[PDB]
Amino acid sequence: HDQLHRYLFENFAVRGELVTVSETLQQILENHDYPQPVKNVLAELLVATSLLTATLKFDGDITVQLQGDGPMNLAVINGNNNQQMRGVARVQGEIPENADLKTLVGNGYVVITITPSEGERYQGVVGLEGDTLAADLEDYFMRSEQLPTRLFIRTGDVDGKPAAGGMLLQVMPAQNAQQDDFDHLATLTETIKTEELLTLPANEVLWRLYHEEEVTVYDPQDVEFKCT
């Protein structure tokens, strides 16, 4: 049985995800005489995608794909908030046995595209400077997410049949930051008169805005023009 389990480290404020594919991976590979190397990355993408799927805070579908000039020019996996997966790979050449991710995909990128059920599509890209899909994905989050995140992907065979699983670790956003409060602050600052903001000293705008709240201000930083 393919299932995704969500778990929380109560004392450390770190959410976790554990998942396994076999049933789903089987259905995605049957009737595609994919060589072994291709079947392996698809296993990894299926795990990666399924885990990323469970982090959505809204309803829509996410797809994680690899693109490159190597023999496997395309490998993609798509899932939705309901954990329904599907995908394909495109082999355009000679695929050597025991081929590593970096050779199957030549020079390319990982492309995360998040298209919601009502809204406009988002797409993130990062090159494949990695020996591991999980390493590349972690690189992606390091550049696009404040919350530290870790990924673990395992691939192998069980009963001659291919199987894969993985886990994800990610820091939680502060508890104290209840939407109710955040929305209040956000509604509070939107009352900032543009003339008010552009003429008064910073410390004044601050208290004129948040005199009711407990606020800590740190040292200012000079913003300047980068002239040649």
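A residue's number is simply how far along the shown sequence it sits, counting from 1.
Stretches compared: 123-131, 92-100. Higher mean C-alpha B-factor in the entry: 92-100. Across the two stretches, 179-187 and 39-47, the PDB entry reports the greater mean Cα temperature factor for 179-187. When the C-alpha B factors of 77, 158, 151, 74 are read from the deposited coordinates, the top value falls at 158. Across 144, 117, 113, 83, the greatest Cα temperature factor reported in the deposited entry is at 117. Residue 17: CA B factor in the lowest third of modelled residues in this chain (values from the PDB entry). Annotation for residue 173: C-alpha temperature factor in the middle third relative to the rest of the modelled chain, per the entry. Looking at the C-alpha B-factors along this chain, the one for residue 223 belongs to the middle third.
Among all modelled residues in this chain, the alpha-carbon of residue 199 has a temperature factor (C-alpha) in the highest third. Annotation for residue 31: C-alpha temperature factor in the highest third relative to the rest of the modelled chain, per the entry.
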